[PDB]
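The next block is input-v8.txt, given as compact mmCIF, C-alpha atoms and all ligand atoms.
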```txt
# COMPACT_ATOMS: atom_id res chain seq x y z
CA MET M 1 -1.77 40.36 68.81
CA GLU M 2 0.81 42.55 70.57
CA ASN M 3 1.37 44.55 67.35
CA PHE M 4 -2.27 44.91 66.30
CA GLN M 5 -5.49 46.12 67.90
CA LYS M 6 -8.12 43.62 66.77
CA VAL M 7 -10.91 46.00 65.84
CA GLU M 8 -13.30 43.05 65.46
CA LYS M 9 -13.59 39.49 64.18
CA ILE M 10 -14.56 39.68 60.51
CA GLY M 11 -14.94 35.96 59.99
CA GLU M 12 -14.02 32.38 60.76
CA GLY M 13 -12.09 31.47 57.61
CA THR M 14 -11.38 27.94 56.39
CA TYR M 15 -8.02 27.81 58.19
CA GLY M 16 -8.48 30.11 61.16
CA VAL M 17 -10.06 33.29 62.41
CA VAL M 18 -9.97 36.58 60.54
CA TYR M 19 -9.85 39.92 62.33
CA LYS M 20 -10.00 43.52 61.18
CA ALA M 21 -7.01 45.09 62.89
CA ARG M 22 -4.97 48.30 62.90
CA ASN M 23 -1.19 48.39 62.75
CA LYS M 24 -0.52 50.14 66.07
CA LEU M 25 2.50 51.64 64.32
CA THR M 26 1.76 52.38 60.63
CA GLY M 27 -1.91 53.01 61.32
CA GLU M 28 -2.84 50.90 58.30
CA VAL M 29 -6.08 48.89 58.66
CA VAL M 30 -5.72 45.25 57.63
CA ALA M 31 -7.38 41.82 57.67
CA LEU M 32 -5.37 39.56 59.97
CA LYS M 33 -5.79 35.83 59.62
CA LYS M 34 -4.53 33.56 62.41
CA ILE M 35 -3.80 30.13 60.94
CA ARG M 36 -4.24 26.84 62.78
CA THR M 41 -0.72 24.16 65.91
CA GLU M 42 2.34 22.08 66.82
CA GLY M 43 5.22 23.37 64.71
CA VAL M 44 3.63 24.20 61.35
CA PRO M 45 4.92 22.77 58.01
CA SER M 46 7.72 24.52 56.11
CA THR M 47 6.61 23.50 52.62
CA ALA M 48 3.60 25.65 53.54
CA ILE M 49 5.43 28.84 54.48
CA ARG M 50 7.05 28.54 51.05
CA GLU M 51 3.75 28.10 49.22
CA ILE M 52 2.66 31.12 51.24
CA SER M 53 5.91 33.02 50.63
CA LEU M 54 5.00 32.46 46.99
CA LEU M 55 1.53 33.98 47.20
CA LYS M 56 3.12 37.16 48.58
CA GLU M 57 4.54 37.84 45.13
CA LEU M 58 1.29 36.99 43.35
CA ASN M 59 0.21 40.63 43.15
CA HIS M 60 -2.68 41.68 40.88
CA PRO M 61 -5.44 44.35 41.09
CA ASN M 62 -8.07 41.60 41.35
CA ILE M 63 -6.19 39.57 43.97
CA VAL M 64 -6.30 40.64 47.64
CA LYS M 65 -2.78 41.78 48.51
CA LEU M 66 -0.99 39.54 50.98
CA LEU M 67 1.13 42.03 52.91
CA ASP M 68 2.97 39.87 55.42
CA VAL M 69 3.29 36.28 56.54
CA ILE M 70 4.38 35.55 60.12
CA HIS M 71 5.14 32.19 61.71
CA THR M 72 5.34 32.47 65.52
CA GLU M 73 4.11 30.56 68.59
CA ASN M 74 2.62 27.61 66.66
CA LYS M 75 0.49 30.36 65.12
CA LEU M 76 0.69 31.47 61.49
CA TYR M 77 -0.52 35.02 60.70
CA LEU M 78 -1.37 36.32 57.25
CA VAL M 79 -1.80 40.07 56.90
CA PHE M 80 -3.96 41.18 53.99
CA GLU M 81 -5.09 44.50 52.60
CA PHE M 82 -8.55 45.14 54.06
CA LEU M 83 -11.71 45.37 51.90
CA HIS M 84 -15.05 46.48 53.31
CA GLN M 85 -17.49 43.94 51.99
CA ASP M 86 -17.69 40.50 50.44
CA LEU M 87 -19.86 39.42 47.53
CA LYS M 88 -22.06 37.18 49.68
CA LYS M 89 -23.12 40.20 51.79
CA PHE M 90 -23.51 42.39 48.70
CA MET M 91 -25.67 39.76 47.03
CA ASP M 92 -27.84 39.48 50.11
CA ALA M 93 -28.05 43.29 50.24
CA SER M 94 -29.09 43.32 46.57
CA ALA M 95 -31.57 40.41 46.70
CA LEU M 96 -34.78 42.41 46.28
CA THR M 97 -33.63 44.29 43.22
CA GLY M 98 -30.72 42.24 41.96
CA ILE M 99 -27.22 43.40 41.02
CA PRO M 100 -27.48 45.37 37.76
CA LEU M 101 -26.22 43.36 34.77
CA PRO M 102 -23.44 45.81 33.93
CA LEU M 103 -22.00 45.33 37.45
CA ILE M 104 -22.42 41.56 37.32
CA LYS M 105 -20.54 41.70 34.04
CA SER M 106 -17.83 43.92 35.41
CA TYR M 107 -17.30 41.65 38.42
CA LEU M 108 -17.24 38.52 36.30
CA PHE M 109 -14.73 40.11 33.91
CA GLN M 110 -12.48 41.23 36.77
CA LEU M 111 -12.55 37.84 38.49
CA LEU M 112 -11.63 36.18 35.20
CA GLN M 113 -8.71 38.62 34.88
CA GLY M 114 -7.59 37.65 38.38
CA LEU M 115 -7.91 33.94 37.61
CA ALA M 116 -6.17 34.26 34.22
CA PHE M 117 -3.29 35.80 36.15
CA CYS M 118 -3.28 33.17 38.93
CA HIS M 119 -3.49 30.38 36.41
CA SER M 120 -0.76 31.77 34.18
CA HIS M 121 1.45 31.74 37.27
CA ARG M 122 0.38 28.16 38.08
CA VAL M 123 -1.64 29.10 41.16
CA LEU M 124 -5.10 27.62 41.74
CA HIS M 125 -7.60 29.21 44.11
CA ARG M 126 -9.57 25.98 44.75
CA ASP M 127 -12.26 27.44 46.96
CA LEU M 128 -13.98 30.35 45.26
CA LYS M 129 -17.31 31.38 46.86
CA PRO M 130 -19.10 34.74 47.30
CA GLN M 131 -17.71 35.04 50.84
CA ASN M 132 -14.11 34.96 49.47
CA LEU M 133 -14.70 37.61 46.79
CA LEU M 134 -14.14 41.09 48.22
CA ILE M 135 -15.41 44.36 46.84
CA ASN M 136 -14.69 48.01 47.40
CA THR M 137 -16.39 51.31 46.69
CA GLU M 138 -14.44 51.88 43.45
CA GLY M 139 -16.02 48.99 41.61
CA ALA M 140 -13.20 46.47 42.02
CA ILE M 141 -13.68 42.88 43.15
CA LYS M 142 -10.79 40.73 44.34
CA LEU M 143 -9.99 37.07 44.99
CA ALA M 144 -9.27 36.33 48.68
CA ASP M 145 -8.64 33.34 50.94
CA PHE M 146 -6.86 31.17 48.40
CA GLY M 147 -7.37 27.52 49.36
CA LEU M 148 -3.82 26.19 49.74
CA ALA M 149 -4.95 22.55 49.93
CA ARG M 150 -1.53 21.79 48.43
CA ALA M 151 0.30 23.92 51.02
CA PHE M 152 -1.50 23.02 54.26
CA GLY M 153 -4.44 20.82 53.28
CA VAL M 154 -8.24 20.91 53.32
CA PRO M 155 -9.56 20.33 56.90
CA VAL M 156 -12.94 18.84 57.86
CA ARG M 157 -14.32 22.28 58.78
CA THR M 158 -12.06 25.34 59.06
CA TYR M 159 -10.52 24.81 62.51
CA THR M 160 -13.58 24.33 64.76
CA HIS M 161 -17.27 23.42 64.28
CA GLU M 162 -18.07 24.93 60.86
CA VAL M 163 -19.88 23.35 57.90
CA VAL M 164 -17.87 23.69 54.68
CA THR M 165 -19.87 25.02 51.72
CA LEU M 166 -19.93 22.64 48.78
CA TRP M 167 -22.11 24.77 46.50
CA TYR M 168 -19.26 25.86 44.27
CA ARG M 169 -17.29 22.61 44.11
CA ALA M 170 -16.38 21.28 40.64
CA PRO M 171 -17.82 17.83 39.76
CA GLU M 172 -14.38 16.31 39.32
CA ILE M 173 -13.50 17.14 42.94
CA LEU M 174 -16.74 15.55 44.14
CA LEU M 175 -15.97 12.46 42.04
CA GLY M 176 -12.66 12.08 43.81
CA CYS M 177 -10.14 13.46 41.33
CA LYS M 178 -6.78 13.57 43.06
CA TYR M 179 -5.30 16.37 40.98
CA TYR M 180 -7.20 19.62 40.51
CA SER M 181 -6.76 21.69 37.38
CA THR M 182 -7.35 25.40 36.82
CA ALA M 183 -10.75 24.26 35.56
CA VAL M 184 -12.05 23.87 39.12
CA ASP M 185 -11.88 27.65 39.54
CA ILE M 186 -13.79 28.30 36.31
CA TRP M 187 -16.57 25.98 37.50
CA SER M 188 -16.84 27.80 40.86
CA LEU M 189 -16.92 31.18 39.12
CA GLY M 190 -19.63 30.00 36.73
CA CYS M 191 -21.71 28.97 39.74
CA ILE M 192 -21.13 32.43 41.23
CA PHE M 193 -22.04 34.13 37.93
CA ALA M 194 -25.36 32.20 37.85
CA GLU M 195 -26.07 33.17 41.42
CA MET M 196 -25.45 36.87 40.86
CA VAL M 197 -27.89 36.70 37.91
CA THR M 198 -30.72 34.66 39.48
CA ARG M 199 -30.30 35.75 43.10
CA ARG M 200 -30.36 32.11 44.18
CA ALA M 201 -27.51 29.60 44.54
CA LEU M 202 -27.28 27.36 41.48
CA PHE M 203 -26.37 24.08 43.23
CA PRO M 204 -27.04 24.37 46.98
CA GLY M 205 -26.05 20.88 48.10
CA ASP M 206 -25.90 20.11 51.79
CA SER M 207 -23.78 16.96 51.47
CA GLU M 208 -21.29 15.77 48.87
CA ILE M 209 -23.75 13.40 47.24
CA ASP M 210 -26.59 15.91 47.35
CA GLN M 211 -24.24 18.48 45.73
CA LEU M 212 -23.29 15.98 43.07
CA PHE M 213 -26.91 14.99 42.42
CA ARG M 214 -28.16 18.60 42.28
CA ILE M 215 -25.53 19.17 39.55
CA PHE M 216 -26.60 15.98 37.76
CA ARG M 217 -30.28 16.89 37.98
CA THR M 218 -29.61 20.21 36.27
CA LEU M 219 -26.87 19.44 33.76
CA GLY M 220 -27.75 15.77 33.31
CA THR M 221 -25.87 12.78 34.73
CA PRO M 222 -22.48 12.84 32.95
CA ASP M 223 -21.44 9.90 30.77
CA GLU M 224 -18.50 8.96 28.58
CA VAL M 225 -20.01 10.95 25.71
CA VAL M 226 -19.83 14.35 27.34
CA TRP M 227 -17.10 13.49 29.83
CA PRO M 228 -14.58 10.87 28.64
CA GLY M 229 -13.18 9.03 31.63
CA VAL M 230 -15.92 9.97 34.05
CA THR M 231 -17.07 6.37 34.69
CA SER M 232 -13.54 5.52 35.78
CA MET M 233 -13.30 8.25 38.39
CA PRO M 234 -12.60 7.25 42.03
CA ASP M 235 -16.07 7.95 43.44
CA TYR M 236 -18.14 7.37 40.35
CA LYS M 237 -20.84 4.75 40.85
CA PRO M 238 -22.52 2.97 37.92
CA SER M 239 -25.53 3.11 40.21
CA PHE M 240 -25.79 6.92 40.02
CA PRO M 241 -29.25 7.95 38.86
CA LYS M 242 -29.51 8.91 35.19
CA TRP M 243 -31.02 12.43 34.98
CA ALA M 244 -31.62 14.11 31.63
CA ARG M 245 -30.01 17.50 31.07
CA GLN M 246 -32.59 20.20 31.67
CA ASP M 247 -33.13 22.96 29.14
CA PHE M 248 -30.45 25.59 29.84
CA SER M 249 -32.88 28.52 29.35
CA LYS M 250 -34.64 27.38 32.50
CA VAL M 251 -31.43 27.65 34.57
CA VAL M 252 -30.54 31.34 34.52
CA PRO M 253 -33.50 33.33 33.22
CA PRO M 254 -33.51 36.04 32.18
CA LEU M 255 -29.79 36.04 31.34
CA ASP M 256 -29.21 36.84 27.65
CA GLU M 257 -27.88 34.30 25.16
CA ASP M 258 -24.36 35.75 25.33
CA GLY M 259 -24.34 35.24 29.09
CA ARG M 260 -25.90 31.77 28.87
CA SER M 261 -23.36 30.75 26.21
CA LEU M 262 -20.44 31.85 28.40
CA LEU M 263 -21.98 30.17 31.46
CA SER M 264 -22.51 26.88 29.60
CA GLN M 265 -18.81 26.88 28.71
CA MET M 266 -17.81 27.57 32.31
CA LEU M 267 -20.00 24.65 33.38
CA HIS M 268 -18.86 21.93 30.97
CA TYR M 269 -18.45 18.66 32.83
CA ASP M 270 -15.15 17.69 31.21
CA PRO M 271 -12.39 19.84 32.86
CA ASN M 272 -10.67 19.84 29.46
CA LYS M 273 -13.71 21.23 27.64
CA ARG M 274 -14.29 23.88 30.30
CA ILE M 275 -13.33 27.32 29.03
CA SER M 276 -10.13 28.87 30.39
CA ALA M 277 -10.14 32.25 32.14
CA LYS M 278 -8.11 33.68 29.21
CA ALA M 279 -10.58 32.43 26.61
CA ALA M 280 -13.60 33.56 28.68
CA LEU M 281 -12.25 37.14 28.65
CA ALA M 282 -12.56 37.15 24.86
CA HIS M 283 -16.15 35.86 24.92
CA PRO M 284 -18.78 38.05 23.14
CA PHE M 285 -20.52 38.56 26.48
CA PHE M 286 -17.79 41.11 27.37
CA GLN M 287 -18.00 43.21 24.22
CA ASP M 288 -19.75 45.94 26.18
CA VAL M 289 -18.14 45.43 29.57
CA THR M 290 -17.69 48.57 31.63
CA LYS M 291 -16.81 49.33 35.22
CA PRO M 292 -19.82 50.64 37.19
CA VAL M 293 -19.67 51.76 40.80
CA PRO M 294 -21.62 49.56 43.22
CA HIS M 295 -23.91 51.01 45.85
CA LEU M 296 -22.21 49.93 49.04
CA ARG M 297 -23.59 50.53 52.50
CA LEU M 298 -20.72 50.14 54.96
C1 LIG P 1 -15.60 41.07 53.81
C2 LIG P 1 -15.18 41.98 54.87
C3 LIG P 1 -13.98 41.71 55.72
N1 LIG P 1 -12.77 42.22 55.08
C4 LIG P 1 -11.82 41.37 54.63
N2 LIG P 1 -10.72 41.83 54.01
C5 LIG P 1 -9.91 40.81 53.63
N3 LIG P 1 -8.76 41.07 52.99
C6 LIG P 1 -10.38 39.54 53.95
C7 LIG P 1 -9.74 38.33 53.65
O1 LIG P 1 -8.55 38.34 53.01
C8 LIG P 1 -10.28 36.97 53.98
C9 LIG P 1 -11.64 36.63 53.67
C10 LIG P 1 -12.17 35.34 53.96
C11 LIG P 1 -11.32 34.39 54.57
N4 LIG P 1 -10.01 34.72 54.85
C12 LIG P 1 -9.46 35.97 54.58
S1 LIG P 1 -11.90 39.65 54.78
```

Do you think you could lay out the structure here as structure tokens?
Ligand SMILES: C=CCNc1nc(N)c(C(=O)c2cccnc2)s1
Amino acid sequence: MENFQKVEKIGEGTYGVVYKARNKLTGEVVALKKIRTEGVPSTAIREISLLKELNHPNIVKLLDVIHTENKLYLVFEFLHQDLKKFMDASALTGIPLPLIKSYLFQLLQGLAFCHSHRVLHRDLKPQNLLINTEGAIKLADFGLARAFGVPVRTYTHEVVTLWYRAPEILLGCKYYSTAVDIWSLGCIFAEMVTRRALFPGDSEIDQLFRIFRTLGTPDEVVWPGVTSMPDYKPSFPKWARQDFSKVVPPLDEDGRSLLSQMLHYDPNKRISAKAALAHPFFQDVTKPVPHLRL
């Protein structure tokens, strides 16, 4: 980009490529995302022009949006590491509980904010959660499946991760609710605690069945209306819910209680971000500094 010196490619996002770049003029270092073509929708640039005002300490700041040459560029504040990398870097020892708790609390603050402003993330995963040396964690790469759409990959040959997808999306719900973000965050919470993905499906049905095998195949009792969902099949196997203490050992009962509420099948029973913030698990929340190697 004529106005930026791509320092390096920092990823192949779900819409385009992401580069670390320096503003040749201001000297500020940013994350530049080049969006995918033949005119670009306007309803999108509005949805985007909306996210620019969605400013919060736990939401990656969207600095500028630029539509030019069938290319759409999003300029974001740069963060040095994502949670996926940090989790991999902490796999032998694990992220200390106080830090896991701080991160979970901050992400819920970010989601409570998004949700109170009627914005859904829709694609939370460790790779889209950015952290800095001061102990903050922020939501990045908001989905925008209602502003541009959800492509088969990202833009070119790239398998989309289904591990954090809410069951209602997998069952074909046409309208997502804020609850899909709580589900994804609960999956991330579990993963930070156990150091292993909770539901690592490699296909939509395998993702769905891995969820069913752990939480039990949903029925009308725990999820009213489930058997009437678009992709629900009466032929789905009937798995019994496994004991919850076996899922995230050795997480304490306060943590397990909160997680169970973030993982309720029925989107309406699923705890809201606002309510989760008041959960007993956060009585002793603090803000530790992570050990980051950059
Ligand atoms: C994690 C280190 C790179 N630094 C980044 N810093 C930011 N701000 C990044 C993003 O806003 C982002 C992330 C994933 C997909 N699309 C955009 S990436």

### For range 139-141 of chain M: contacts at 7 Å, only C-alpha atoms, fewer than 4 positions along chain excluded, given as a list in words
residues 62, 107, 110, 111, 133, 134, 135, 291, 292, 293 and 294 of chain M

Store the residues of this selection in a file with C-alpha atoms, as a compact mmCIF listing (two decimals), in the coordinates of the input.
```txt
# COMPACT_ATOMS: atom_id res chain seq x y z
CA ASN M 62 -8.07 41.60 41.35
CA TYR M 107 -17.30 41.65 38.42
CA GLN M 110 -12.48 41.23 36.77
CA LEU M 111 -12.55 37.84 38.49
CA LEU M 133 -14.70 37.61 46.79
CA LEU M 134 -14.14 41.09 48.22
CA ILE M 135 -15.41 44.36 46.84
CA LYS M 291 -16.81 49.33 35.22
CA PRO M 292 -19.82 50.64 37.19
CA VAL M 293 -19.67 51.76 40.80
CA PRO M 294 -21.62 49.56 43.22
```

Given all atoms listed in the file, how would the per-residue table for range 110-207 of chain M near range 95-100 of chain M read, listing every residue at most 9 Å away with its closest atom pair and distance in Å to one decimal, sorted by chain and number, as a Markdown table?
```
| residue | atom | partner | partner_atom | distance |
| --- | --- | --- | --- | --- |
| M:196 | CA | M:99 | CA | 6.8 |
| M:197 | CA | M:99 | CA | 7.4 |
| M:198 | CA | M:98 | CA | 8.0 |
| M:199 | CA | M:95 | CA | 6.0 |
| M:200 | CA | M:95 | CA | 8.8 |
```

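Interatomic distance, CA of residue 297 in chain M against CA of residue 31 in chain M: 19.1 Å.
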
### Task
Name each residue within 7 Å of ligand LIG 1 (chain P), counting only C-alpha atoms and all ligand atoms, as a PyMOL selection string.
chain M and resi 10-11+13-14+18+20+30-31+33+64+80-86+131-132+134+144-145

Would you put the residues from that selection into a file with C-alpha atoms, as a PDB file, in the coordinates of the input?
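In the end it all went to part14.pdb:
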```pdb
ATOM      1  CA  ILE M  10     -14.560  39.680  60.510  1.00  0.00           C
ATOM      2  CA  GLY M  11     -14.940  35.960  59.990  1.00  0.00           C
ATOM      3  CA  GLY M  13     -12.090  31.470  57.610  1.00  0.00           C
ATOM      4  CA  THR M  14     -11.380  27.940  56.390  1.00  0.00           C
ATOM      5  CA  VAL M  18      -9.970  36.580  60.540  1.00  0.00           C
ATOM      6  CA  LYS M  20     -10.000  43.520  61.180  1.00  0.00           C
ATOM      7  CA  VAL M  30      -5.720  45.250  57.630  1.00  0.00           C
ATOM      8  CA  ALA M  31      -7.380  41.820  57.670  1.00  0.00           C
ATOM      9  CA  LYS M  33      -5.790  35.830  59.620  1.00  0.00           C
ATOM     10  CA  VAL M  64      -6.300  40.640  47.640  1.00  0.00           C
ATOM     11  CA  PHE M  80      -3.960  41.180  53.990  1.00  0.00           C
ATOM     12  CA  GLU M  81      -5.090  44.500  52.600  1.00  0.00           C
ATOM     13  CA  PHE M  82      -8.550  45.140  54.060  1.00  0.00           C
ATOM     14  CA  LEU M  83     -11.710  45.370  51.900  1.00  0.00           C
ATOM     15  CA  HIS M  84     -15.050  46.480  53.310  1.00  0.00           C
ATOM     16  CA  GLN M  85     -17.490  43.940  51.990  1.00  0.00           C
ATOM     17  CA  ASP M  86     -17.690  40.500  50.440  1.00  0.00           C
ATOM     18  CA  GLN M 131     -17.710  35.040  50.840  1.00  0.00           C
ATOM     19  CA  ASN M 132     -14.110  34.960  49.470  1.00  0.00           C
ATOM     20  CA  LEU M 134     -14.140  41.090  48.220  1.00  0.00           C
ATOM     21  CA  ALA M 144      -9.270  36.330  48.680  1.00  0.00           C
ATOM     22  CA  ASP M 145      -8.640  33.340  50.940  1.00  0.00           C
TER      23      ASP M 145
END
```

#### Entry: Which residue of M:73, M:68, M:195, M:57 approaches residue 44 in chain M most closely, using all atoms listed in the file
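Nearest to residue 44 in chain M: M:73.
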
### Task
Would you work out the distance separating CA of residue 59 in chain M from CA of residue 115 in chain M, expressed in Å to one decimal?
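Atom-to-atom, CA of residue 59 in chain M to CA of residue 115 in chain M, that is 11.9 Å.
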
### Task
May I have the residues within 7 Å of residue 187 in chain M as a PyMOL selection string, using all atoms listed in the file and disregarding those fewer than 6 positions away in the same chain?
chain M and resi 170+266-267

### Task
Would you please work out which residue, of M:4, M:19, M:167, M:109, is nearest to residue 283 in chain M when using all atoms listed in the file?
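Going through M:4, M:19, M:167, M:109 one by one, the smallest distance to residue 283 in chain M is for M:109.
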
#### Entry: Pick from M:49, M:119, M:21, M:190 nearest to residue 265 in chain M, counting all atoms listed in the file
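Closest to residue 265 in chain M, using all atoms listed in the file: M:190.
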
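Interatomic distance, CA of residue 194 in chain M against CA of residue 136 in chain M: 21.3 Å.
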
#### Entry: Who sits within 12 Å of residue 223 in chain M, only C-alpha atoms, same chain under 4 positions skipped, as a list in words
residues 216, 219, 227, 228, 229, 230, 231, 232, 233, 236, 237, 238, 240, 241, 242, 243, 244, 245, 269 and 270 of chain M

#### Entry: Minimum-distance residue to residue 211 in chain M, chosen among M:60, M:169, M:50, M:250 (using all atoms listed in the file)
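So, comparing all the options, the nearest one is M:169.
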
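Counting only C-alpha atoms and comparing M:205, M:212, M:151, M:256, the residue that lies closest to residue 172 in chain M is M:212.
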
### Query
Looking at M:63, M:209, M:79, M:191, which one is nearest to residue 142 in chain M, with distances taken over all atoms listed in the file?
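So, comparing all the options, the nearest one is M:63.
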
Give me, as a tab-separated table (two decimals) with C-alpha atoms, keeping the file's coordinate frame, all polymer residues having an atom no more than 9 Å from residue 23 in chain M, counting all atoms listed in the file and skipping those fewer than 3 positions away in the same chain.
```tsv
chain	number	residue	atom	x	y	z
M	3	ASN	CA	1.37	44.55	67.35
M	4	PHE	CA	-2.27	44.91	66.30
M	5	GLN	CA	-5.49	46.12	67.90
M	26	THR	CA	1.76	52.38	60.63
M	27	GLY	CA	-1.91	53.01	61.32
M	28	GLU	CA	-2.84	50.90	58.30
M	29	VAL	CA	-6.08	48.89	58.66
M	30	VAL	CA	-5.72	45.25	57.63
```
